[PDB]
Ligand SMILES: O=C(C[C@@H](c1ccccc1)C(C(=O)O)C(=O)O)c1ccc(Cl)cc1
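Only one chain is shown below, in structure tokens, and it's the form solved without the named molecule.
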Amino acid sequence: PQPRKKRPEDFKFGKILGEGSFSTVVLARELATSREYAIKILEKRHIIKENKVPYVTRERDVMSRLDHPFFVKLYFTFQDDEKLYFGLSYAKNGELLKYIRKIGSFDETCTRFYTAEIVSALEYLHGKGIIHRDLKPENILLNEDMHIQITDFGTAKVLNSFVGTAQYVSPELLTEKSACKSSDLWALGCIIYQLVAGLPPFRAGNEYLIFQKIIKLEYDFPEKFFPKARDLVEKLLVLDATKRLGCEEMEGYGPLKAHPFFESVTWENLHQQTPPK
């Protein structure tokens, strides 16, 4: 058995957290328990009209398979005649992009801690044969205890039809049109650069100009960029996808976690550690 299927009437919906093209995330409090959930609401007619059923289905199926603290949890689903509802963890401290903008460049201790949690999360995800394909600060949420919770899985791939946010797109996605774990590792390199520098590495006036810089590996490190972090970024932002730290061709997550930038990191229990304030 499982809990009774929930329904709209079981909740007091509150504010809209955000709105997308095919869905809206609304904060809702379950009446019988007082628990707060971030409920993603999708209109069936619109999903069907735009051929998004594979994506919506993928979002639900991938999230159902995840069971790790660094990922948003899918607690339940239900639907009425017009909409689909996905009950998700409500990450109280919002997204990492907000935090980066709020504080600007992170010092080395904060960069290390959050980079380690993302690496640890990717190790888990890739270990299950799942690629995110749209990893960016906006999709990395912060829970009440300031640990990360990664979300946005509709565009994930379970091991060449989707391309994520321009600034985090890998060269292989612009040249060969194919999805690999290497693309998430490239995104990781961009994110580490962004935490240290305050902005992503490839920036320009429009998407075409950004893609142009990406394929030519046209970016540079600002002064004072932590040396070990720069070395790590240089080993992730590599045009040849098979040579990025973390790839099976480079012998996996072991060598990545062993990079000097992570020397003081205890990988086994990051989630029990107190995030640096």
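Residue indices: 1-based, along the sequence shown.
The form solved in complex with the named molecule exists for this protein as well; it is not shown, and the discussion that follows is about that form.
Of the stretches 54-62, 247-255, 214-222, 227-235, only 54-62 has residues with a heavy atom within 4.5 Å of the named molecule in the entry with it bound. The partner is absent here, but in the entry with it bound a heavy atom of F86, alone among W186, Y193, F113, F86, sits within 4.5 Å of the named molecule. With the partner removed from view, the residue among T175, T109, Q79, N160 that has a non-hydrogen atom within 4.5 Å of the named molecule in the entry with it bound turns out to be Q79. When contacts are judged by a 4.5 Å heavy atom cut-off, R35 does not count as touching the named molecule in the entry with it bound. Interface membership of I47, defined by any non-hydrogen atom within 4.5 Å of the named molecule in the entry with it bound, is confirmed. By the criterion of a heavy atom within 4.5 Å, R7 is excluded from the residues contacting the named molecule in the entry with it bound.
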